[PDB]
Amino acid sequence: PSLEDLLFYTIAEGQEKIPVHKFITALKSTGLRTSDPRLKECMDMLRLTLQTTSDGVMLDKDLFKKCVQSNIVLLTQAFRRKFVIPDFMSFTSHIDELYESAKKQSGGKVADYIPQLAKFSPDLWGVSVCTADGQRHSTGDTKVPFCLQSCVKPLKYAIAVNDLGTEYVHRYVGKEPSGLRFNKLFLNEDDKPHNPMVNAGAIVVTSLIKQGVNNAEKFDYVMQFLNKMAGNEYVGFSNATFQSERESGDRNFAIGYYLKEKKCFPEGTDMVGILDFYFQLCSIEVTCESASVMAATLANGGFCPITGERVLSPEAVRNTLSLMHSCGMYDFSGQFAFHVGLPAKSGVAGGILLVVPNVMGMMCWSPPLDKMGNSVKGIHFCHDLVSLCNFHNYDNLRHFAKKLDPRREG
C-alpha cells in the first residue's frame, strides 16, 4: 500500500481513528516542533480540519492521509526512529540532568566593562539543542536575548569563505592558534593575524564581507545570512551594547590602526568604518534557541536543519569548525580541545556556541565568566556532556567504554 497510511496503522495502534491529540503527542515526542517550518502544510491542514468538523476530534484513514500527504517523507522518518537521535525523549532527560548539575556552579564574574551586560542577573542559565534533523529541546532561560559578542566570529568568517573562498580569505588571515600565552601579539610572522577567532583576525575578516557597499547594506546582508542560518528564529540587535562597545574599545582601535599601518586590509579599505561594522556584528542578538539552530546549521554540512535550505558551502562550514576546534575558547582552547574535543565558540556575554558534527548544534548561556573569559556553567556543561556521551572528536563509535551513545537504540 501507500506510505501515507502504513504510517497510519503505525500510530493508529489497533483502533480505526487516531485522536488528533494523540498524533500530536507522538510527533512532539520525536522532538519535532509543532511549529516546524517543514511541517507547515500538515499542521495547517490539521488546524483547518479541526475547524471544518467540530464533529471529532478523530482522524480516519483518508482524513489522516489528506493531512500528512504533504510532508510524508519527514513524518515517516520521525515515526520510524530514522532520526540522528532515535530515543530523543530519553536524551532530553540526560540534557536536563546535565543542566541541573551545571546550574549549581555559582562561580564567576559578570562582564561589567560594558554597563549593558552587567544588567543581566547571574542566576540566568539556558541550554538549547537542535539536532541535524530538527529535534529541539531546551531547559532554563533559553528565550532570554543576549549579544553574540565573540560568538559571531565563526559566523562571519563562514560568510567570507562562502562568498570568497578559502584561498582568498586566507591571503589576509591565518589558520593556527597562536600558542599558550603567546597572546598579547596581533600579527604572526607573515604579518597576518593568527586566525579568524581572535579580535585582530575577526576585524580583518569583517573588512572582506560585501566590499564596496556601505555599513548599512553590509549589516543587512549579514543579518539576511544569519536569519537563514537560524531558520528565521530570533536575530535582533542591541544598539545600547553597540554604543557602549564603541565608546570603550580602545584596544580595538589600537588593533585597527596597527593593521592599517602594516597594510593588513584589502586595498581601499576605510578602517574606522570597519571598526563600526565590527562593533555592530558583536551587538547582534540571539536567544539560546535561535542560536542552537545556527550551530546545528554548522553541524549539518551547512544546510539549515529546520528549513532544508542550503545556507553555507561545505567548504565554509568545514573551515569554520576547524578553527573553532583550535582557537575558539580564548586561552582555554588547548585544554577545551583535549578534554572536550568539540568545536565551540565563547563570547563575553556568557554564550558558548557548540557543535557536535553530524549530530547537533547547541547554545549554552550564562553571564558569569571565569578567569579566561568563558562562561562557568557553560564550561561545566560541556565537560559533562562528553563525559556522558561518546561525542568527543576522537571518541570511538564502536568501542567507547562506560559512555552513552545517543545515536543508538537501547
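Throughout, we count residues from 1 along the sequence that is shown.
Legend: mean Cα B-factor per stretch from the PDB entry, 72-80 versus 283-291; the higher mean is in 72-80. When the C-alpha B-factors of 365-373 and 341-349 are averaged, 365-373 comes out higher. Reading the B-factor column for the CA atoms of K192, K218, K119, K175 in the entry, the top value corresponds to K119. Taking the PDB entry at face value, the top CA B factor among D133, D141, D276, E245 belongs to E245. Looking at the C-alpha B-factors along this chain, the one for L63 belongs to the highest third.
Among the modelled residues of the chain, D123 sits in the highest third by CA temperature factor in this PDB entry.
In this PDB entry, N188 carries a Cα temperature factor that places it within the highest third of its chain's modelled residues. In the PDB entry, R181 places in the highest third of its chain by CA B-factor. Sort the chain's modelled residues by C-alpha temperature factor and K40 lands in the highest third, per the entry.
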